[PDB]
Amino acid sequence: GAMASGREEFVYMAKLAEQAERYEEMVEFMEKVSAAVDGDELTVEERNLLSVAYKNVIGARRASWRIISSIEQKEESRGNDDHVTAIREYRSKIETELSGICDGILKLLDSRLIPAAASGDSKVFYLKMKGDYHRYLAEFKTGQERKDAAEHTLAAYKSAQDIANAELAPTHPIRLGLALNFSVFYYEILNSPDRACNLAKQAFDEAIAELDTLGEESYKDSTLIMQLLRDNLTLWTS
């Protein structure tokens, strides 16, 4: 409907796109929600839908980028310059998509979502999200653009961590999710496995110490993130 308007209608459309697994349209619908709320704050349901939408869109291209990059390296070592040329053009097309996807959500975060975040929960959530999409940029950018991306990732994760340490319980899924992704940043982007393990073990330990504060409500999301922390630590150790 050309006269569709407001968060409620476009929230519903985003839920349809999600069931249909048409995540590009789910992004489009959630961007219209953001436009309708501009100034105010997204609800928890809306922010999570926005996040699901961009997570699935970018995740498809991240997966494609990885397989195409591995094929490029294989063809390079085979000496097949003509294939390599073709693979590079194709990887470049996927990179322009990755870049445009990250730019979309980063523009919403910088211009609307972060400026309006009121509670400590919301500030950490969106600052973590900003660092997440700068990190996806650092996964494939090169040269100066990669350094700029990694710097923007650190800056967003560190500012989120300062707020989380002060305002969120160690068992809070947002605080834990930030610690997990910050440690992945250390390991995968900065190639610092020791700093990654230290941060992942710290967050895990702090959560374990207070594992009676997470009650039946967040308890389930927290344990899953704690299991991911544990699993990364095992892999990074072995």
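From 1 onward, residues are counted along the sequence shown.
Judged by mean Cα B factor in the deposited record, 73 to 81 ranks above the other of 93 to 101 and 73 to 81.
The mean C-alpha temperature factor is higher for 34 to 42 when 49 to 57 and 34 to 42 are set side by side.
Across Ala207, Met26, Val184, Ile68, the greatest Cα temperature factor reported in the deposited entry is at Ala207. When the modelled residues of the chain are ordered by C-alpha B-factor, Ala86 sits in the middle third. Among the modelled residues of its chain, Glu21 has a C-alpha B-factor that falls in the lowest third according to the deposited record.
In this PDB entry, the Cα temperature factor of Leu229 sits in the middle third of its chain's modelled residues. Ranked within its chain, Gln202 lands in the middle third, by CA B factor from the PDB record. When the modelled residues of the chain are ordered by their C-alpha B factor, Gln144 lands in the highest third.
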